[PDB]
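**Student:** Take a look at this one; I'll ask things after.
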Amino acid sequence: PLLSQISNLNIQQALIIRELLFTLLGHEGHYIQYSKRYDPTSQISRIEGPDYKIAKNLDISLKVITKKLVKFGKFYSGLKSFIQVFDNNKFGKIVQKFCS
Amino acid sequence: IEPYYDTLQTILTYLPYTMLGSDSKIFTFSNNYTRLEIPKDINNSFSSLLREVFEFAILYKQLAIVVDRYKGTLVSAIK
């Protein structure tokens, strides 16, 4: 369903919560989408994590609260991609143990 | 009294979001979160009461700004 079509606050809150549970793990949702600047090919882009854009039809208060929480998905995705890069022999025992 | 007294439970719907220092559909911060604008359709009495309640919101927002800004910048251990 379109986000603008829904007018009730409770429905919007539940929908954004359902979409947010997956966002916190780094996945896209129906109403939270990756920014066009995020290129998975680039190493630095993967390490720094993806930036998310929120659908313009969300309620203003819910949009602000979501914009605060979105950063946690960014950190998780960045760390998960950090492990898959820095955990090899060429980066030494210190970095490997930190990846642990 | 309902027919003879006009004013916007609806306040309590959007009040929690304002108390946590976040923008609301009927209350909007401005000037770097230093003032809060009470909308039209809030007659004298309710506005006068809210002016006391909103003291917590603005003060908490200022404290949150300070905490977020100086979290890991200050070098002195005391601060």
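We label chains A, B, ... in the order they appear in the structure tokens, count residues from 1 in each chain, and number ligands from 1 in the order shown.
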Hey, list the chain A side of the contact with chain B: 10 Å cut-off, only C-alpha atoms, answer as a PyMOL selection string.

**Tutor:** chain A and resi 9+59-65

**Student:** So which residues of chain B fall under helix (DSSP H, G or I) by DSSP, listed as a ChimeraX atom specification?

**Tutor:** /B:2-4,10-19,44-69

**Student:** Write the selection just made, keeping N, CA and C atoms, as an mmCIF file, in the first residue's frame?

**Tutor:**
```
data_model
loop_
_atom_site.group_PDB
_atom_site.id
_atom_site.type_symbol
_atom_site.label_atom_id
_atom_site.label_comp_id
_atom_site.auth_asym_id
_atom_site.auth_seq_id
_atom_site.Cartn_x
_atom_site.Cartn_y
_atom_site.Cartn_z
ATOM 1 N N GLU B 2 -19.247 21.728 25.484
ATOM 2 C CA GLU B 2 -18.641 21.477 24.177
ATOM 3 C C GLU B 2 -19.122 22.439 23.099
ATOM 4 N N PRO B 3 -20.420 22.696 22.936
ATOM 5 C CA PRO B 3 -20.842 23.633 21.883
ATOM 6 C C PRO B 3 -20.284 25.033 22.059
ATOM 7 N N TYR B 4 -20.069 25.477 23.297
ATOM 8 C CA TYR B 4 -19.704 26.857 23.585
ATOM 9 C C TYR B 4 -18.217 27.032 23.875
ATOM 10 N N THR B 10 -6.476 15.314 21.281
ATOM 11 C CA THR B 10 -5.617 15.417 20.106
ATOM 12 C C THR B 10 -4.246 15.964 20.479
ATOM 13 N N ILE B 11 -4.194 16.889 21.439
ATOM 14 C CA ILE B 11 -2.905 17.403 21.898
ATOM 15 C C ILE B 11 -2.065 16.277 22.483
ATOM 16 N N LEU B 12 -2.684 15.423 23.299
ATOM 17 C CA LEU B 12 -1.949 14.324 23.909
ATOM 18 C C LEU B 12 -1.476 13.308 22.880
ATOM 19 N N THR B 13 -2.081 13.288 21.692
ATOM 20 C CA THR B 13 -1.622 12.373 20.655
ATOM 21 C C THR B 13 -0.246 12.776 20.138
ATOM 22 N N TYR B 14 -0.035 14.069 19.910
ATOM 23 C CA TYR B 14 1.216 14.579 19.371
ATOM 24 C C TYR B 14 2.130 15.177 20.430
ATOM 25 N N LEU B 15 1.751 15.115 21.706
ATOM 26 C CA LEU B 15 2.597 15.707 22.740
ATOM 27 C C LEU B 15 3.830 14.863 23.026
ATOM 28 N N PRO B 16 3.750 13.529 23.116
ATOM 29 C CA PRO B 16 4.964 12.752 23.415
ATOM 30 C C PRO B 16 6.086 12.992 22.423
ATOM 31 N N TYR B 17 5.760 13.160 21.141
ATOM 32 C CA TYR B 17 6.801 13.395 20.149
ATOM 33 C C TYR B 17 7.443 14.763 20.327
ATOM 34 N N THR B 18 6.688 15.747 20.816
ATOM 35 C CA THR B 18 7.270 17.056 21.086
ATOM 36 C C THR B 18 8.111 17.039 22.355
ATOM 37 N N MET B 19 7.691 16.268 23.360
ATOM 38 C CA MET B 19 8.429 16.226 24.619
ATOM 39 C C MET B 19 9.819 15.635 24.438
ATOM 40 N N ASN B 44 -6.453 30.831 24.805
ATOM 41 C CA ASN B 44 -5.604 31.408 25.843
ATOM 42 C C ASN B 44 -5.211 30.435 26.952
ATOM 43 N N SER B 45 -6.187 29.813 27.617
ATOM 44 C CA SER B 45 -5.889 28.992 28.788
ATOM 45 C C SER B 45 -4.961 27.826 28.453
ATOM 46 N N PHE B 46 -5.311 27.039 27.431
ATOM 47 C CA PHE B 46 -4.479 25.891 27.076
ATOM 48 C C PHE B 46 -3.074 26.326 26.677
ATOM 49 N N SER B 47 -2.951 27.427 25.933
ATOM 50 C CA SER B 47 -1.624 27.919 25.580
ATOM 51 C C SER B 47 -0.835 28.329 26.816
ATOM 52 N N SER B 48 -1.488 28.991 27.769
ATOM 53 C CA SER B 48 -0.794 29.401 28.982
ATOM 54 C C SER B 48 -0.310 28.188 29.759
ATOM 55 N N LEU B 49 -1.124 27.134 29.814
ATOM 56 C CA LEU B 49 -0.705 25.924 30.512
ATOM 57 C C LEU B 49 0.435 25.236 29.775
ATOM 58 N N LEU B 50 0.322 25.115 28.452
ATOM 59 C CA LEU B 50 1.359 24.451 27.675
ATOM 60 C C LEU B 50 2.689 25.173 27.796
ATOM 61 N N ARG B 51 2.666 26.502 27.914
ATOM 62 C CA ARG B 51 3.922 27.228 28.048
ATOM 63 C C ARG B 51 4.726 26.724 29.238
ATOM 64 N N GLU B 52 4.052 26.251 30.288
ATOM 65 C CA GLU B 52 4.762 25.646 31.410
ATOM 66 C C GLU B 52 5.242 24.237 31.077
ATOM 67 N N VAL B 53 4.418 23.450 30.384
ATOM 68 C CA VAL B 53 4.805 22.083 30.055
ATOM 69 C C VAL B 53 5.964 22.078 29.072
ATOM 70 N N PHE B 54 5.942 22.987 28.096
ATOM 71 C CA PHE B 54 6.961 22.995 27.056
ATOM 72 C C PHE B 54 8.323 23.427 27.572
ATOM 73 N N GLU B 55 8.410 23.913 28.810
ATOM 74 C CA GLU B 55 9.715 24.221 29.383
ATOM 75 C C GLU B 55 10.590 22.978 29.430
ATOM 76 N N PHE B 56 10.005 21.831 29.780
ATOM 77 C CA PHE B 56 10.777 20.594 29.819
ATOM 78 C C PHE B 56 11.270 20.210 28.429
ATOM 79 N N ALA B 57 10.423 20.360 27.411
ATOM 80 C CA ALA B 57 10.800 19.919 26.071
ATOM 81 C C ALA B 57 12.003 20.694 25.554
ATOM 82 N N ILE B 58 11.966 22.021 25.669
ATOM 83 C CA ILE B 58 13.040 22.840 25.118
ATOM 84 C C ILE B 58 14.330 22.624 25.898
ATOM 85 N N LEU B 59 14.236 22.573 27.227
ATOM 86 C CA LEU B 59 15.424 22.359 28.043
ATOM 87 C C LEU B 59 16.052 21.006 27.745
ATOM 88 N N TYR B 60 15.225 19.965 27.626
ATOM 89 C CA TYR B 60 15.759 18.650 27.308
ATOM 90 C C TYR B 60 16.391 18.639 25.927
ATOM 91 N N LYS B 61 15.787 19.341 24.966
ATOM 92 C CA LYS B 61 16.381 19.405 23.636
ATOM 93 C C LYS B 61 17.744 20.081 23.682
ATOM 94 N N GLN B 62 17.865 21.160 24.454
ATOM 95 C CA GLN B 62 19.157 21.828 24.578
ATOM 96 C C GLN B 62 20.191 20.897 25.199
ATOM 97 N N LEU B 63 19.798 20.167 26.246
ATOM 98 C CA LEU B 63 20.734 19.244 26.880
ATOM 99 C C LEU B 63 21.131 18.124 25.929
ATOM 100 N N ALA B 64 20.184 17.622 25.135
ATOM 101 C CA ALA B 64 20.507 16.575 24.174
ATOM 102 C C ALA B 64 21.454 17.088 23.102
ATOM 103 N N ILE B 65 21.265 18.332 22.658
ATOM 104 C CA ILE B 65 22.190 18.919 21.695
ATOM 105 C C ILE B 65 23.586 18.997 22.290
ATOM 106 N N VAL B 66 23.688 19.450 23.540
ATOM 107 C CA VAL B 66 25.001 19.550 24.172
ATOM 108 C C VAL B 66 25.644 18.175 24.292
ATOM 109 N N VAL B 67 24.883 17.181 24.750
ATOM 110 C CA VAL B 67 25.450 15.849 24.942
ATOM 111 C C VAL B 67 25.919 15.274 23.615
ATOM 112 N N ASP B 68 25.108 15.414 22.567
ATOM 113 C CA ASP B 68 25.480 14.864 21.270
ATOM 114 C C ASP B 68 26.670 15.606 20.678
ATOM 115 N N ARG B 69 26.817 16.896 20.972
ATOM 116 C CA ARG B 69 27.890 17.688 20.384
ATOM 117 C C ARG B 69 29.235 17.466 21.068
#
```

**Student:** Could you list, as a PDB file with C-alpha atoms, in the first residue's frame, every residue within 9 Å of residue 49 in chain A, counting only C-alpha atoms and ignoring same-chain residues fewer than 3 positions away?

**Tutor:**
```pdb
ATOM      1  CA  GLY A  26      21.213  -3.425   6.625  1.00  0.00           C
ATOM      2  CA  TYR A  38      25.721   3.891  -2.207  1.00  0.00           C
ATOM      3  CA  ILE A  44      35.005   2.532   1.104  1.00  0.00           C
ATOM      4  CA  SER A  45      31.274   2.726   0.383  1.00  0.00           C
ATOM      5  CA  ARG A  46      30.755  -0.755   1.823  1.00  0.00           C
ATOM      6  CA  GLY A  73      21.615  -0.183  10.403  1.00  0.00           C
ATOM      7  CA  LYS A  74      24.448   1.792   8.818  1.00  0.00           C
ATOM      8  CA  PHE A  75      26.890   0.798  11.565  1.00  0.00           C
ATOM      9  CA  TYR A  76      25.853  -2.859  11.469  1.00  0.00           C
ATOM     10  CA  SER A  77      26.213  -3.100   7.694  1.00  0.00           C
ATOM     11  CA  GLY A  78      29.570  -1.333   7.834  1.00  0.00           C
ATOM     12  CA  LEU A  79      30.922  -3.695  10.483  1.00  0.00           C
ATOM     13  CA  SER A  81      31.365  -5.640   5.477  1.00  0.00           C
TER      14      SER A  81
END
```

**Student:** What does the distance between CA of residue 67 in chain A and CA of residue 54 in chain A come to in Å, to one decimal place?

**Tutor:**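 Distance between the two atoms: 7.7 Å.
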
**Student:** Going by DSSP on the backbone, which residues of range 2-75 of chain B come out as strand (DSSP E)? List them as number ranges by chain.

**Tutor:** B: 28-30, 35-37

**Student:** From the list A:33, A:12, A:4, A:41, which residue is nearest residue 70 in chain A when using only C-alpha atoms?

**Tutor:** A:33

**Student:** Which residue is closest to residue 51 in chain A? Choose from A:23, A:35, A:13, A:88 and count only C-alpha atoms.

**Tutor:**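 Nearest to residue 51 in chain A: A:35.
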
**Student:** When you count only C-alpha atoms, which of these residues is closest to residue 7 in chain B: B:74, B:32, B:79, B:41?

**Tutor:** B:41

**Student:** Between CA of residue 72 in chain B and CA of residue 30 in chain B, what is the spacing in Å?

**Tutor:** 26.4 Å
